[PDB]
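A short worksheet on the structure shown next.
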Amino acid sequence: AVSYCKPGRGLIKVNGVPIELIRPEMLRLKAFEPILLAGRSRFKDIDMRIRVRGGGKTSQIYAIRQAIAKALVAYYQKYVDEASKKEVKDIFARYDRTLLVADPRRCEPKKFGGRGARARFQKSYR
Amino acid sequence: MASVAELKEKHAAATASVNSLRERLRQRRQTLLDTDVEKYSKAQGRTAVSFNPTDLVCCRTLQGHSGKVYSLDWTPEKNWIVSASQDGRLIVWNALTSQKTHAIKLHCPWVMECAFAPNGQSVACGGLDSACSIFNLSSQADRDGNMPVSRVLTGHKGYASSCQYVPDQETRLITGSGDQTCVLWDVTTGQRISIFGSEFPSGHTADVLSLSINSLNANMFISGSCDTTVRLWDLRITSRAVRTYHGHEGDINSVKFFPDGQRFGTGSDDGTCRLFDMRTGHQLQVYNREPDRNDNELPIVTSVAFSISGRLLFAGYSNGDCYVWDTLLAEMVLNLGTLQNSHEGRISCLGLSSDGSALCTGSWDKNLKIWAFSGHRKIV
Amino acid sequence: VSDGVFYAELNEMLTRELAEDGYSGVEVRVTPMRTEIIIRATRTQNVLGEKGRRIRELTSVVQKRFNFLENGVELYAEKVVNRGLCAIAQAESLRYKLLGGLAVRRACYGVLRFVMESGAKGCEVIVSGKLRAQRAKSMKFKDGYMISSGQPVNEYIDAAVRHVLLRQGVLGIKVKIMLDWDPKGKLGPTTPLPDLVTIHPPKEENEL
Amino acid sequence: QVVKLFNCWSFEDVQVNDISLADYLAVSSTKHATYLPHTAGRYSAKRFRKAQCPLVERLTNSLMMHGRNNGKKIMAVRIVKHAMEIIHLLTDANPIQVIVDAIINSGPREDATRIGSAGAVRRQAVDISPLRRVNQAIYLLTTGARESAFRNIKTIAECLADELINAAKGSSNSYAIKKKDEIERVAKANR
Amino acid sequence: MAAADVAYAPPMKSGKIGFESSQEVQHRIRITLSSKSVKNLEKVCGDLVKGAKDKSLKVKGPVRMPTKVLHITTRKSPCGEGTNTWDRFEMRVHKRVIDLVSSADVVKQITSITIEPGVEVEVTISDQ
RNA sequence: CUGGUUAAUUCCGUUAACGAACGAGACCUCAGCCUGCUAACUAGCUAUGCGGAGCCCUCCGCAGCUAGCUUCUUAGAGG
């Protein structure tokens with residue numbers, strides 16, 4: 001039927017989306033979105049494309065992300081929905097494109113080399 | 001079949017033997033194929049009834065492949081054109097409007113090999129990755145191209161360089177590939193039914209960058225490769241690679257059959273394009289820009305395609321133009337020229353429609369144009 | 001971890017028995033309950049002696065020592081496949097002059113001067129000061145190519161060491177060699193691997 | 001329309017009066033602005049206009065740090081956000097506009113580097129190239145708010161609002177304006 | 001209607017005994033082969049050979065699956081002493097490759113054992 | 001020596017030099033190595049059930065190596 005899954009990735013933690021299009025309700029760990037991430041600004045980073053577009057009822061997004069902190073969760077969640085739409089519609093190519101997509105980042109924590117008190121700020125003496 | 005220039009003799013006994021054997025087999029073959037050549041098309045063509053106006057212009061301009069557009073092939077319905085680009089993306093387009101029906105993120109770079117299936121169902125392309133992955137086309141609204149029962153059909157040692165359908169689905173693959181070998185395959189199972197393996201002149205020892213399927217019964221197929229030969233392989237029987245021409249100085253980086261089936265245009269990377277007649281078995285025509293003044297950035301190069309009538313050869317070159325030729329007459333009918341107003345770029349592919357009404361050109365500048373002719377004669 | 005232990009415990013035991021020892025280097029593979037122990041050596045003779053008592057008593061020890069299972073064992077003789085790439089004899093021969101002396105300087109050049117002659121392309125021999133029983137002065141000399149470090153991981157350098165207890169004073173050491181590689185052909189030196197072609201006229205020729 | 005930015009405030013209405021400073025104050029990004037937090041490496045090329053900005057990103061970001069110990073950007077984003085609503089309820093004007101008023105007032109025109117040359121140490125006064133203005137200013141506004149919070153029963157979200165409103169009004173009560181016109185006074189004099 | 005308790009019985013075949021016959025119907029099957037080496041380059045090549053053998057025998061067993069990683073990384077300022085920087089990670093992988101057959105014949109066991117390609121590869125025939 | 005360039009006698013252009021080694025780079029390493037896949041399943045998703053829950057509509061749990069593929073996992077290739 002309808003279920004298009006293009007799997008992004010960008011930071012630790014894994015988001016599989018199988019999306020059947022209806023009313024704008026959002027799930028994560030199969031539990032309601034605002035309430036799971038109650039009290040967060042970074043939660044509304046996600047919410048950005050299921051308002052702003054002029055499509056509200058056209059995406060019921062079913063999301064599961066598993067394993068790491070509160071912060072990480074938003075950036076991945078978002079990417080997927082855009083990428084799926086671009087494949088079908090070439091006119092909503094300017095949906096994917098102008099609303100930001102694609103960073104691995106690749107700057108998630110770095111090597112610890114010896115001597116470092118943290119890893120890279122070598123001792124106060126010697 | 002191609003006279004060779006006087007070269008200074010060596011006084012070694014052992015070589016003369018070399019000259020002996022080699023020259024004994026090739027001259028004995030040369031006296032049978034050669035005789036059939038009554039005139040040359042150009043000579044005969046002098047007192048021809050004339051051609052009508054040529055009036056192609058870019059009717060519509062299309063865009064959407066991310067990288068450099070490598071390759072195109074038109075669908076038999078006259079309405080789809082595909083196309084594949086280095087980014088790995090494959091797009092099916094309807095050209096007039098230019099709407100995009102489908103897009104699949106396919107896989108490799110070097111995916112320069114998109115073809116349309118005779119049914120219209122499918123595409124194949126592939127390239128770096130060493131496979132061809134198949135894909136059915138559907139009306140479904142959702143459009144996840146990637147899952148709908150695709151399939152890695154093929155495994156080569158090296159990089160898929162060329163693929164083409166025959167007139168049917170059942171023989172969905174005839175390949176010549178970077179792995180060197182050329183191979184016939186059975187579609188569903190993916191087994192290699194037979195392998196054809198021959199030589200340096202002669203077979204292809206090195207990478208097949210193209211092959212093209214003969215037009216009739218499609219009994220044979222001609223391939224082109226780096227070993228500088230145009231070699232037709234007898235697909236139907238014992239598969240002694242059957243009849244060969246090695247006229248070229250340089251890669252025959254391309255090879256396309258006439259709709260008549262009588263000739264093929266050898267477009268090569270060596271600074272000429274040449275036409276070779278498969279039936280008579282000799283070089284019919286030479287396309288070359290002989291004056292020192294008439295030089296472009298690169299002399300003419302990679303790819304060739306035929307009109308439906310066969311009168312015109314529209315060709316892409318690295319230099320960024322098209323020179324349009326009258327095949328029989330030997331004249332240039334015309335120059336087509338496109339885009340930038342300073343600085344070059346490759347035009348890598350150019351492909352005829354199935355009805356013959358129009359052609360699509362893809363270029364490294366990241367744009368596409370479709371040029372068309374309508375009406376018998378000049379418009380209106 | 002426990003599978004790991006056995007490699008480490010076994011590796012030292014095979015190294016110590018196989019120390020001074022006037023023979024040539026000693027792999028061991030220990031299959032279920034059996035030890036292959038492969039000696040690459042001329043004086044295969046003293047260790048075997050046929051049937052007797054000899055061959056079993058050295059072995060038996062390893063089992064009862066740390067390892068495994070109600071049996072016997074086996075022993076095979078070999079040659080050696082141009083000596084460099086590993087041994088003992090190579091190491092010992094320079095000690096077997098560094099017994100009685102001989103111009104010390106001569107041995108250095110001389111042991112290097114052989115081996116190069118059988119190809120080797122570089123060889124580096126290195127000797128501890130206290131020559132003439134004065135203060136230390138370690139010596140080099142190295143010819144030809146040779147690297148343990150910088151070039152790629154796969155240059156295939158024989159490198160060892162040894163020791164020399166003279167009367168009055170130790171004379172260390174560390175011989176190094178880089179040649180062809182373990183007999184079957186499979187040369188890959190020092191990245192890049194170049195090669196083009198010459199010509200090309202052409203009508204028969206290429207891959208390359 | 002449905003403006004976001006904490007889901008309460010617009011930003012394309014926010015006017016930057018200083019034309020020179022305006023061209024370095026990004027209130028608009030590639031599709032339009034937002035404030036939601038991240039980072040994005042564009043480095044530090046010179047002469048020209050040379051980076052994209054957000055004030056709101058710098059300001060929270062000054063807060064987590066200055067001053068001092070212990071806090072986090074999640075806490076810092078919260079304090080900016082609390083300070084912004086406290087600012088709006090005491091000005092009845094967009095708190096993004098009020099921080100722009102505070103930054104222009106707190107961003108000195110000229111500054112005073114200390115150069116040893118020959119047998120002595122001069123300060124001849126220097127440029128303060130506009131990203132440095134924006135910053136000195138934010139910092140002083142944050143350091144003031146930090147300092148006020150350390151020594152008063154006043155939340156710092158309030159103290160940031162308190163310092164920001166005093167700076168965005170030219171009031172020498174503010175640490176940031178008072179240090180700005182201290183810096184301009186030495187830079188103007190030491191010629 | 002309702003009342004569902006689900007097992008396997010296609011018939012036959014499951015992972016706990018992969019049923020096959022004869023020899024009084026073979027009631028033997030569960031073998032696990034865990035092959036542990038230092039170096040991958042050698043391992044893979046042996047590992048592939050097992051897969052092939054199963055395919056030949058009668059009933060096809062699955063190929064190599066190579067799972068999770070064992071590191072002991074020990075870094076010593078080697079000594080001087082005093083040595084306290086420019087210290088050392090020489091870091092050591094040991095890798096674990098676990099290859100099943102679907103049916104563990106008498107015939108499988110015996111062919112697989114006799115000619116067994118391990119040089120540095122340590123391979124344990126196992127066991128209920 | 002010089003001229004230029006660069007973390008780099010790094011490379012080029014000159015030169016009474018023409019080479020050549022050894023360091024560097026290359027290399028094996030890990031970070032995102034991903035990605036469509038080829039490979040298998042720990043596991044994930046998804047399917048189907050069934051114990052219930054709101055009042056198969058919506059939702060949690062586990063069931064069978066039961067079905068298949070995959071971001072996870074994993075090795076390779078390419079990229």
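Here's how to read the names in the structure tokens: chain A, B, ... by the order shown, residue numbers from 1 in each chain, ligand numbers from 1 in the order shown.
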
Members of region 53-115 of chain A assigned helix (DSSP H, G or I) by DSSP, as an MDAnalysis selection string = chainID A and resid 73:88 93:96

Identify, on the basis of only C-alpha atoms (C1' of nucleotides), every residue whose closest approach to residue 6 (chain E) does not exceed 9 Å; exclude the query and any residue fewer than 3 positions from it along the same chain; express the result as a PDB file with N, CA and C atoms (P, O5', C5', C4', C3', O3' and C1' of nucleotides), in the first residue's frame.
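Written file, result-v5.pdb:
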ATOM      1  P     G F  49      -4.456 -12.188  12.068  1.00  0.00           P
ATOM      2  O5'   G F  49      -4.246 -12.785  13.534  1.00  0.00           O
ATOM      3  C5'   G F  49      -4.756 -14.117  13.784  1.00  0.00           C
ATOM      4  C4'   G F  49      -3.716 -15.019  14.527  1.00  0.00           C
ATOM      5  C3'   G F  49      -4.028 -15.217  16.052  1.00  0.00           C
ATOM      6  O3'   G F  49      -5.040 -16.179  16.106  1.00  0.00           O
ATOM      7  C1'   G F  49      -1.802 -14.668  16.067  1.00  0.00           C
ATOM      8  P     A F  63       8.740 -14.446  22.820  1.00  0.00           P
ATOM      9  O5'   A F  63       7.381 -15.276  22.395  1.00  0.00           O
ATOM     10  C5'   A F  63       7.123 -16.583  22.933  1.00  0.00           C
ATOM     11  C4'   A F  63       5.939 -17.204  22.247  1.00  0.00           C
ATOM     12  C3'   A F  63       6.112 -17.646  20.744  1.00  0.00           C
ATOM     13  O3'   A F  63       6.793 -18.865  20.726  1.00  0.00           O
ATOM     14  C1'   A F  63       4.061 -16.508  20.847  1.00  0.00           C
ATOM     15  P     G F  64       8.406 -18.949  20.673  1.00  0.00           P
ATOM     16  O5'   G F  64       8.594 -19.917  19.465  1.00  0.00           O
ATOM     17  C5'   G F  64       7.962 -21.201  19.264  1.00  0.00           C
ATOM     18  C4'   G F  64       7.620 -21.310  17.779  1.00  0.00           C
ATOM     19  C3'   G F  64       8.728 -20.865  16.783  1.00  0.00           C
ATOM     20  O3'   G F  64       9.663 -21.972  16.501  1.00  0.00           O
ATOM     21  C1'   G F  64       6.577 -19.931  16.200  1.00  0.00           C
ATOM     22  P     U F  66      11.151 -22.657  11.204  1.00  0.00           P
ATOM     23  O5'   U F  66       9.895 -21.642  11.330  1.00  0.00           O
ATOM     24  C5'   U F  66       8.588 -22.157  11.238  1.00  0.00           C
ATOM     25  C4'   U F  66       7.553 -21.051  10.814  1.00  0.00           C
ATOM     26  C3'   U F  66       8.151 -20.001   9.902  1.00  0.00           C
ATOM     27  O3'   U F  66       8.306 -20.637   8.641  1.00  0.00           O
ATOM     28  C1'   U F  66       6.765 -18.966  11.443  1.00  0.00           C
TER      29        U F  66
END

Give the strand (DSSP E) residues of region 44-210 of chain B, as assigned by DSSP on the backbone, as an MDAnalysis selection string.
-> chainID B and resid 57:62 69:74 81:85 89:94 99:105 115:116 122:124 135:136 162:164 173:176 182:185 192:196 208:210

How close does chain C get to chain F? List, as JSON lines, each residue of chain C within 10 Å, its nearest atom pair and the distance in Å to one decimal, counting only C-alpha atoms (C1' of nucleotides).
{"residue": "C:143", "atom": "CA", "partner": "F:21", "partner_atom": "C1'", "distance": 9.5}
{"residue": "C:144", "atom": "CA", "partner": "F:21", "partner_atom": "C1'", "distance": 8.0}
{"residue": "C:145", "atom": "CA", "partner": "F:21", "partner_atom": "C1'", "distance": 6.8}
{"residue": "C:146", "atom": "CA", "partner": "F:21", "partner_atom": "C1'", "distance": 9.3}
{"residue": "C:147", "atom": "CA", "partner": "F:22", "partner_atom": "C1'", "distance": 8.6}
{"residue": "C:149", "atom": "CA", "partner": "F:23", "partner_atom": "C1'", "distance": 9.6}
{"residue": "C:150", "atom": "CA", "partner": "F:23", "partner_atom": "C1'", "distance": 7.5}
{"residue": "C:151", "atom": "CA", "partner": "F:27", "partner_atom": "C1'", "distance": 7.0}
{"residue": "C:152", "atom": "CA", "partner": "F:27", "partner_atom": "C1'", "distance": 5.0}
{"residue": "C:153", "atom": "CA", "partner": "F:28", "partner_atom": "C1'", "distance": 6.8}
{"residue": "C:154", "atom": "CA", "partner": "F:27", "partner_atom": "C1'", "distance": 9.2}
{"residue": "C:190", "atom": "CA", "partner": "F:27", "partner_atom": "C1'", "distance": 8.8}
{"residue": "C:191", "atom": "CA", "partner": "F:26", "partner_atom": "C1'", "distance": 6.4}
{"residue": "C:192", "atom": "CA", "partner": "F:26", "partner_atom": "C1'", "distance": 7.1}

Find the residues of chain E in contact range of chain C, meaning any atom within 9 Å when counting only C-alpha atoms, and list them as a list in words.
->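 The selection requested is residues 36, 70, 94, 119, 120 and 122 of chain E.
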
Save the residues we just selected, N, CA, C and O atoms, as a PDB file, in the first residue's frame?
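This went into again24.pdb:
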ATOM      1  N   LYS E  36      38.036 -19.319  15.702  1.00  0.00           N
ATOM      2  CA  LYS E  36      38.603 -18.187  16.295  1.00  0.00           C
ATOM      3  C   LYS E  36      40.067 -18.067  15.978  1.00  0.00           C
ATOM      4  O   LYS E  36      40.879 -18.892  16.342  1.00  0.00           O
ATOM      5  N   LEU E  70      36.503  -8.805  20.149  1.00  0.00           N
ATOM      6  CA  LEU E  70      37.154  -8.996  21.454  1.00  0.00           C
ATOM      7  C   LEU E  70      38.476  -8.216  21.348  1.00  0.00           C
ATOM      8  O   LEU E  70      39.269  -8.478  20.441  1.00  0.00           O
ATOM      9  N   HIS E  94      40.858 -10.249  17.932  1.00  0.00           N
ATOM     10  CA  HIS E  94      40.670 -11.683  17.927  1.00  0.00           C
ATOM     11  C   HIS E  94      39.224 -11.719  17.522  1.00  0.00           C
ATOM     12  O   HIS E  94      38.417 -11.004  18.082  1.00  0.00           O
ATOM     13  N   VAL E 119      45.238 -23.145   9.934  1.00  0.00           N
ATOM     14  CA  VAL E 119      46.680 -22.946  10.151  1.00  0.00           C
ATOM     15  C   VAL E 119      46.750 -22.306  11.503  1.00  0.00           C
ATOM     16  O   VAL E 119      47.454 -22.870  12.346  1.00  0.00           O
ATOM     17  N   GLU E 120      46.107 -21.172  11.660  1.00  0.00           N
ATOM     18  CA  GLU E 120      46.137 -20.395  12.907  1.00  0.00           C
ATOM     19  C   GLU E 120      44.734 -20.389  13.486  1.00  0.00           C
ATOM     20  O   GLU E 120      44.481 -19.969  14.606  1.00  0.00           O
ATOM     21  N   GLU E 122      41.465 -21.873  15.037  1.00  0.00           N
ATOM     22  CA  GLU E 122      41.195 -22.866  16.043  1.00  0.00           C
ATOM     23  C   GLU E 122      39.685 -23.050  16.156  1.00  0.00           C
ATOM     24  O   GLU E 122      38.897 -22.172  16.379  1.00  0.00           O
TER      25      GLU E 122
END

Report as a count of residues only the set of chain E residues whose atoms approach chain F to within 9 Å, with distances computed over only C-alpha atoms (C1' of nucleotides).
-> 19

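Across the model, the gap from CA of residue 169 (chain B) to CA of residue 237 (chain B) is 20.0 Å.
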
With a distance cut-off of 10 Å and only C-alpha atoms (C1' of nucleotides), select the neighbouring residues of region 109-123 of chain D, excluding the residue or stretch itself and same-chain residues fewer than 4 positions from it, and output the selection as a VMD selection string.
-> chain D and resid 104 to 105 127 to 130 133 180 to 188 190 to 191

Could you list, with a cut-off of 10 Å and counting only C-alpha atoms, the residues of chain C near chain B, each shown with its nearest atom pair and the distance in Å rounded to one decimal, rows sorted by chain and ascending number, as CSV?
residue,atom,partner,partner_atom,distance
C:202,CA,B:201,CA,8.5
C:203,CA,B:201,CA,5.6
C:204,CA,B:200,CA,5.4
C:205,CA,B:200,CA,6.6
C:206,CA,B:200,CA,7.6
C:207,CA,B:206,CA,7.8
